[PDB]
């Protein structure tokens, strides 16, 4: 890390960095105009301007620990999808204190998140227009179909981790700091995922869960977009399960068995469910409620797969050849599916790819 001042007097940072994709050959990377854009207990997120191209980038600086167990760099080097934020470069750096080593992820910059836009609408006592709910959820389910095809489970699906370009309506999944390639028979830590979005089998302590925990989290995101606030606001891990049961009713013995078989014998109090049509506002579109009911299932194998979710009738308007964004410009890329993306259910492409986009 060397530093220079160019014309206009800005502070220029120059490093040697490895490309996120392609051959392992380090290159000089120079950027300027750095400012703090995000925060964590173990790092910082910056915006910067690449000197050669002038493009805005994001730099995620994550403190390195031996016991940290972070698969983020390894996963990001492998991923290449229009709904996942691209790793341009990565490099290591040292902080001001001794033995303070940081991994630096130079990412494509995206100006907003689904959380901030939803909060902005919520603060104005308004709901996000349904076309954006369809567009955002569709692209999220698309990105989950991609990573799940590699066995990779995000494990932290939430609105803050959904990057958003409001001009184009493009969504990009980010924050792979909890992501893992799930291997059958190898246990996974059950205290994972942010509390409001945490699947019930995780709260039950299941270590043999699958990538369907992301679909539960996506259901929470969709419900939050319809409601204007989180649907399951737990005060704690056990309270989170209580908040879920307050809406969905007490899980049956067979649903408990599918979440964690160690609990099948317990007689839990029968909490009457709220009907789905009473959970949301009266004018909430009925297909949004229906799709949400197929994501927020206790039994994980009963949840829709991300490819099935993309084919749900709630997204039919996206497949209409006349569909366009409300501002006037046409929708982002939606039907350029790859073989890797469709590998879970290859026959579904005849539904996911309408004739006008097959052309």
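Numbering follows the first chain given and starts at 1.
Engineer: On average, are the C-alpha B-factors higher in 54 to 62 or in 318 to 326?
Structural biologist: Looking at the recorded C-alpha B-factors, 318 to 326 comes out higher on average.
Engineer: If you average the CA temperature factors as listed in the entry, which stretch comes out higher, 196 to 204 or 88 to 96?
Structural biologist: Looking at the record's C-alpha B-factors, the answer is 88 to 96.
Engineer: In terms of the CA temperature factor given in the entry, to which third of its chain does residue 333 belong: lowest, middle or highest?
Structural biologist: Its C-alpha B-factor belongs to the highest third of this chain's values.
Engineer: Report the third (lowest, middle or highest) to which the CA temperature factor of residue 149 belongs, ranking only the modelled residues of the same chain.
Structural biologist: Middle third.
Engineer: Could you tell me which third, lowest, middle or highest, the C-alpha B-factor of residue 306 occupies within its chain?
Structural biologist: It falls in the bottom third of the chain.
Engineer: Is residue 296 in the lowest, middle or highest third of its chain when residues are ranked by C-alpha B-factor?
Structural biologist: Lowest third.
Engineer: Lowest, middle or highest third: where is residue 240 by Cα B-factor in its chain?
Structural biologist: It falls in the bottom third of the chain.
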